[PDB]
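Student: Dropping a structure here in structure tokens format, bear with me for questions.
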Amino acid sequence: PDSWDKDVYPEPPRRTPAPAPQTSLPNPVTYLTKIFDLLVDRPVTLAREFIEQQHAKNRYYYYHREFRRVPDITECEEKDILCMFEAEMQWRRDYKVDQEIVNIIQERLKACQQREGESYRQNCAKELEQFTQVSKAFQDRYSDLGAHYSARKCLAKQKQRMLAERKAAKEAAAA
Amino acid sequence: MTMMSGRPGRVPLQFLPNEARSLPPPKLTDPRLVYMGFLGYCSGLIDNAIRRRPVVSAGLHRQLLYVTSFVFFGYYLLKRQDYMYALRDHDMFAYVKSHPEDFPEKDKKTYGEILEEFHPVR
Ligand SMILES: CCCCCCCCCCCCCCCCCC(=O)OC[C@H](COP(=O)([O-])OCC(O)COP(=O)([O-])OC[C@@H](COC(=O)CCCCCCCCCCCCCCCCC)OC(=O)CCCCCCCCCCCCCCCCC)OC(=O)CCCCCCCCCCCCCCCCC
Ligand SMILES: CCCCCCCCCCCCCCCCC[C@@H](O)O[C@H](CO[C@H](O)CCCCCCCCCCCCCCC)COP(=O)(O)OCC[N+](C)(C)C
């Protein structure tokens with residue numbers, strides 16, 4: 001339904017075939033599902049309708065909290081405690097958001113694997129590629145920081161990787 | 001070593017120089033004063049216990065005198081301690097001001113220009 005964004009959690013157009021009876025015998029599944037409908041789905045629907053009627057008479061709202069951007073750890077002086085504190089809080093929030101991004105991608109992958117059935121090895125290639133890219137980026141950002149991680153250690157890791165990449169590029173240039 | 005014995009202008013046995021009158025006195029609800037009164041009350045209770053008297057009820061005048069004496073001494077003790085710490089800060093700041101060569105303020109560097117080694121945890 002409309003509870004979630006359908007672009008963040010996409011699904012295929014859901015093609016399902018029409019019944020094609022070939023036997024004169026009746027279908028026990030159809031009879032049982034008609035009984036289930038009439039005996040289960042209607043009272044539950046009525047209870048939900050009553051509950052939603054009660055809810056509509058009391059409509060109140062909650063809001064998503066907004067955070068502005070503060071200077072990063074790169075723009076902080078060495079011993080400036082306040083700027084470091086704000087930058088560290090911002091970095092921790094970004095870390096949580098990145099974890100949730102990875103979680104969304106993994107949810108997509110799992111759903112595709114279940115959905116595609118016997119053809120999952122070929123029909124889930126795109127989700128697997130997206131997970132591979134996101135996992136590589138996340139591993140580059142946050143892996144091996146250890147317990148007691150911080151923004152400063154992440155910055156040191158990025159600087160080390162940048163130095164290695166610059167050296168490799170200059171050595172390949174001399175080839 | 002003695003830091004403050006030979007500090008110029010120090011009166012030998014004063015316990016409270018006139019300069020200390022320029023500092024804010026401790027409040028009468030200072031938690032340190034409350035703890036000193038608590039020490040006096042404990043002294044009164046122990047006095048009752050040692051003398052084989054009912055600990056909480058035996059002498060109310062004696063307990064009151066205990067608490068009052070402890071608070072009275074603690075007030076002046078706190079005043080002198082605050083004065084000594086103020087003197088230490090004053091001398092430290094004056095010395096830093098009079099010897100700028102020994103206390104330079106070097107140029108500030110941001111963390112985007114400081115190379116820190118990264119030690120992976122694995
Ligand atoms: C950290 C946070 C703050 C904590 C502060 C520090 C701890 C508390 C303060 C310490 C000093 C306070 C008490 C000193 C005098 C006590 C001496 C004593 O004998 O007590 C008996 C006495 C009872 O005697 P009694 O009523 O006359 O009749 C019974 C007979 O006397 C029967 O007596 P008896 O002689 O025949 O019985 C024999 C008994 C008699 O032996 C004793 O009673 C032992 C007492 C030794 C006193 C403590 C030593 C000096 C203080 C140092 C404490 C160090 C603390 C740091 C941690 C390390 C722990 C050691 O000996 C034994 O049975 C042998 C037992 C072996 C065990 C050994 C362990 C002893 C050391 C443990 C000390 C723990 C702290 C104090 C515990 C409470 C004691 C009452 O106890 C009391 O009733 C007095 C205590 C309560 C009064 C205070 C209440 C205030 C008013 C109420 C309202 C509150 C106002 C709040 C404001 C808000 C408004 C609503
Ligand atoms: C285990 C608890 C320790 C308690 C010790 C006994 C406490 C009760 C004794 C009360 C002291 C009476 C003194 C008040 C009368 C005025 C005297 C005054 O003129 O003396 C001054 C001196 O002031 C005293 O020294 C201050 C006494 C206060 C001591 C308390 C400090 C204890 C350490 C913290 C523990 C908590 C204590 C709790 C109190 C109940 C002069 O200074 P000065 O002549 O130039 O010093 C000579 C020595 N020098 C130069 C080498 C330094």
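Quick note on naming: the chains in the structure tokens go A, B, ... in the order shown, residues restart at 1 in each chain, and ligands are numbered from 1 in order of appearance.
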Please return, as a compact mmCIF listing (two decimals) with N, CA, C and O atoms, in the first residue's frame, all residues of chain A lying within 10 Å of chain B when only C-alpha atoms are considered.
Tutor:
```
# COMPACT_ATOMS: atom_id res chain seq x y z
N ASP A 72 32.62 19.70 9.44
CA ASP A 72 33.13 18.35 9.59
C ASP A 72 34.39 18.35 10.45
O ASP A 72 34.90 19.40 10.86
N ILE A 73 34.90 17.15 10.74
CA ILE A 73 36.10 17.02 11.55
C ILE A 73 37.33 17.59 10.84
O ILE A 73 38.32 17.93 11.50
N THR A 74 37.29 17.71 9.51
CA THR A 74 38.42 18.26 8.77
C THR A 74 38.60 19.75 9.02
O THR A 74 39.73 20.25 8.92
N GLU A 75 37.53 20.47 9.35
CA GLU A 75 37.58 21.91 9.55
C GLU A 75 37.75 22.29 11.02
O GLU A 75 37.52 23.45 11.38
N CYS A 76 38.14 21.35 11.87
CA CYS A 76 38.27 21.59 13.30
C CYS A 76 39.74 21.71 13.68
O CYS A 76 40.57 20.92 13.21
N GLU A 77 40.04 22.68 14.53
CA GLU A 77 41.39 22.81 15.05
C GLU A 77 41.71 21.65 15.99
O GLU A 77 40.82 20.92 16.44
N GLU A 78 43.00 21.49 16.28
CA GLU A 78 43.47 20.25 16.90
C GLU A 78 42.85 20.02 18.28
O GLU A 78 42.44 18.90 18.60
N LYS A 79 42.76 21.07 19.10
CA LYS A 79 42.28 20.92 20.47
C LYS A 79 40.95 21.63 20.72
O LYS A 79 40.57 21.81 21.88
N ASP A 80 40.24 22.02 19.67
CA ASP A 80 38.98 22.75 19.82
C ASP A 80 37.88 21.75 20.16
O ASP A 80 37.34 21.07 19.29
N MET A 84 34.94 19.77 17.65
CA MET A 84 35.12 18.33 17.57
C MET A 84 33.88 17.59 18.05
O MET A 84 33.50 16.58 17.45
N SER A 143 35.01 -0.15 7.89
CA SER A 143 35.59 -1.38 8.39
C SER A 143 36.93 -1.11 9.08
O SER A 143 37.66 -0.18 8.73
N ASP A 144 37.22 -1.92 10.10
CA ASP A 144 38.48 -2.00 10.82
C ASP A 144 38.73 -0.80 11.73
O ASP A 144 39.83 -0.69 12.29
N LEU A 145 37.76 0.09 11.90
CA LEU A 145 37.91 1.16 12.88
C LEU A 145 37.98 0.60 14.29
O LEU A 145 38.61 1.20 15.18
N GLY A 146 37.33 -0.54 14.53
CA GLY A 146 37.34 -1.18 15.82
C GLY A 146 36.37 -0.53 16.78
O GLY A 146 35.72 0.48 16.50
N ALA A 147 36.25 -1.15 17.96
CA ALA A 147 35.59 -0.47 19.06
C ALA A 147 36.40 0.75 19.45
O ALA A 147 37.62 0.81 19.24
N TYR A 149 35.66 3.61 17.94
CA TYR A 149 35.79 4.34 16.68
C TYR A 149 35.40 5.80 16.86
O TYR A 149 34.71 6.18 17.81
N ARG A 152 37.93 10.97 13.84
CA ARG A 152 39.35 11.17 13.60
C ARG A 152 40.00 9.91 13.01
O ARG A 152 40.83 10.00 12.10
N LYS A 153 39.62 8.74 13.53
CA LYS A 153 40.17 7.50 12.99
C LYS A 153 39.68 7.24 11.57
O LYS A 153 40.44 6.76 10.73
N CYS A 154 38.42 7.57 11.29
CA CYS A 154 37.91 7.47 9.93
C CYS A 154 38.67 8.39 8.99
O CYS A 154 39.00 8.00 7.86
N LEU A 155 38.95 9.61 9.43
CA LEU A 155 39.72 10.55 8.62
C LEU A 155 41.14 10.04 8.37
O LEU A 155 41.67 10.16 7.27
N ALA A 156 41.77 9.46 9.40
CA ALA A 156 43.10 8.90 9.23
C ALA A 156 43.09 7.74 8.23
O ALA A 156 43.99 7.63 7.39
N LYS A 157 42.07 6.89 8.31
CA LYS A 157 41.94 5.79 7.35
C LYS A 157 41.78 6.32 5.92
O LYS A 157 42.41 5.82 4.99
N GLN A 158 40.93 7.33 5.74
CA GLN A 158 40.73 7.89 4.41
C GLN A 158 42.01 8.53 3.88
O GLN A 158 42.33 8.42 2.70
N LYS A 159 42.75 9.22 4.76
CA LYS A 159 44.02 9.82 4.34
C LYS A 159 45.02 8.76 3.92
O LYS A 159 45.74 8.93 2.93
N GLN A 160 45.10 7.66 4.67
CA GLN A 160 46.01 6.58 4.30
C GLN A 160 45.64 5.98 2.95
O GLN A 160 46.51 5.74 2.10
N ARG A 161 44.34 5.73 2.73
CA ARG A 161 43.91 5.20 1.44
C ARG A 161 44.20 6.18 0.31
O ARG A 161 44.64 5.77 -0.78
```
Student: Residues near stretch 27-42 of chain B, anyone? I mean within 7 Å using only C-alpha atoms, not counting same-chain ones fewer than 2 positions away, as a PDB file with C-alpha atoms, in the first residue's frame.
Tutor:
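Written output follows (around.pdb):
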```pdb
ATOM      1  CA  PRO B  25      32.944  34.616  50.628  1.00  0.00           C
ATOM      2  CA  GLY B  44      28.181  14.211  68.689  1.00  0.00           C
ATOM      3  CA  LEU B  45      26.660  10.810  67.927  1.00  0.00           C
ATOM      4  CA  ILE B  46      29.975   9.058  68.622  1.00  0.00           C
ATOM      5  CA  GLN B  63      25.182  18.003  69.641  1.00  0.00           C
ATOM      6  CA  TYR B  66      29.383  20.133  68.055  1.00  0.00           C
ATOM      7  CA  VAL B  67      27.654  21.098  64.804  1.00  0.00           C
ATOM      8  CA  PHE B  70      32.484  22.412  63.134  1.00  0.00           C
ATOM      9  CA  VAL B  71      30.595  24.852  60.887  1.00  0.00           C
ATOM     10  CA  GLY B  74      34.879  25.210  58.394  1.00  0.00           C
ATOM     11  CA  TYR B  75      33.794  28.654  57.209  1.00  0.00           C
TER      12      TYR B  75
END
```
Student: Which residues sit within 6 Å of ligand 2, counting only C-alpha atoms and all ligand atoms, listed as an mmCIF file with N, CA, C and O atoms, in the first residue's frame?
Tutor:
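Okay, this is what ended up in out.cif:
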```
data_model
loop_
_atom_site.group_PDB
_atom_site.id
_atom_site.type_symbol
_atom_site.label_atom_id
_atom_site.label_comp_id
_atom_site.auth_asym_id
_atom_site.auth_seq_id
_atom_site.Cartn_x
_atom_site.Cartn_y
_atom_site.Cartn_z
ATOM 1 N N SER B 5 56.104 30.006 51.078
ATOM 2 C CA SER B 5 56.563 30.571 52.344
ATOM 3 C C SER B 5 57.244 31.916 52.143
ATOM 4 O O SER B 5 57.013 32.859 52.909
ATOM 5 N N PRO B 12 53.744 36.782 58.681
ATOM 6 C CA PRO B 12 54.037 35.442 59.211
ATOM 7 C C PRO B 12 52.839 34.616 59.659
ATOM 8 O O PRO B 12 52.621 33.530 59.117
ATOM 9 N N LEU B 13 52.045 35.097 60.614
ATOM 10 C CA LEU B 13 51.023 34.244 61.215
ATOM 11 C C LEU B 13 49.623 34.839 61.091
ATOM 12 O O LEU B 13 48.867 34.859 62.067
ATOM 13 N N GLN B 14 49.263 35.312 59.897
ATOM 14 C CA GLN B 14 48.034 36.085 59.735
ATOM 15 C C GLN B 14 46.800 35.197 59.605
ATOM 16 O O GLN B 14 45.760 35.484 60.209
ATOM 17 N N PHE B 15 46.893 34.143 58.790
ATOM 18 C CA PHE B 15 45.823 33.201 58.459
ATOM 19 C C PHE B 15 44.785 33.791 57.507
ATOM 20 O O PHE B 15 44.036 33.040 56.877
#
```
Student: Where does DSSP see alpha helix (DSSP H) in stretch 2-113 of chain B, if you list the residues as a CSV table (one decimal) with C-alpha atoms, in the first residue's frame?
Tutor:
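Contents of selection-v1.csv, as written:
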```
chain,number,residue,atom,x,y,z
B,31,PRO,CA,28.1,21.8,50.4
B,32,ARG,CA,31.5,21.8,52.1
B,33,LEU,CA,30.1,23.6,55.1
B,34,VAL,CA,27.2,21.2,55.1
B,35,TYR,CA,29.7,18.3,55.2
B,36,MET,CA,31.6,20.0,58.1
B,37,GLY,CA,28.3,20.2,60.0
B,38,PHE,CA,27.7,16.6,59.2
B,39,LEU,CA,31.1,15.8,60.7
B,40,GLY,CA,30.1,17.7,63.8
B,41,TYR,CA,26.9,15.7,64.1
B,42,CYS,CA,28.8,12.5,63.7
B,43,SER,CA,31.2,13.6,66.4
B,44,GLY,CA,28.2,14.2,68.7
B,45,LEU,CA,26.7,10.8,67.9
B,46,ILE,CA,30.0,9.1,68.6
B,47,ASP,CA,30.3,11.1,71.9
B,48,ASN,CA,26.9,9.7,72.9
B,49,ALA,CA,27.8,6.2,71.9
B,50,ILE,CA,31.1,6.1,73.8
B,60,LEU,CA,20.8,18.1,72.2
B,61,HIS,CA,22.8,21.1,73.5
B,62,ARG,CA,26.1,19.1,73.2
B,63,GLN,CA,25.2,18.0,69.6
B,64,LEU,CA,24.2,21.6,68.7
B,65,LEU,CA,27.6,22.8,70.0
B,66,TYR,CA,29.4,20.1,68.1
B,67,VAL,CA,27.7,21.1,64.8
B,68,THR,CA,28.1,24.8,65.4
B,69,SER,CA,31.8,24.5,66.2
B,70,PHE,CA,32.5,22.4,63.1
B,71,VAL,CA,30.6,24.9,60.9
B,72,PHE,CA,32.3,27.9,62.5
B,73,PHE,CA,35.8,26.5,61.9
B,74,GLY,CA,34.9,25.2,58.4
B,75,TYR,CA,33.8,28.7,57.2
B,76,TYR,CA,37.2,30.2,57.9
B,77,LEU,CA,39.0,27.1,56.6
B,78,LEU,CA,37.1,27.4,53.3
B,79,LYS,CA,37.9,31.1,53.1
B,80,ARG,CA,41.6,30.5,53.5
B,81,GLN,CA,41.7,27.7,51.0
B,82,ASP,CA,39.9,29.8,48.4
B,83,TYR,CA,42.3,32.6,49.0
B,84,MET,CA,45.3,30.3,48.5
B,85,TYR,CA,44.0,29.0,45.2
B,86,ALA,CA,43.3,32.5,44.0
B,87,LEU,CA,46.8,33.5,44.9
B,88,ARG,CA,48.2,30.5,43.0
B,89,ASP,CA,46.2,31.4,39.9
B,90,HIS,CA,47.2,35.1,40.2
B,91,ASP,CA,50.9,34.2,40.3
B,92,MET,CA,50.6,31.7,37.5
B,93,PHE,CA,48.9,34.2,35.2
B,94,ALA,CA,51.4,37.0,36.0
B,95,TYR,CA,54.4,34.7,35.4
B,96,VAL,CA,52.9,33.6,32.0
B,97,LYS,CA,52.3,37.3,31.1
B,98,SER,CA,55.9,38.3,32.1
```
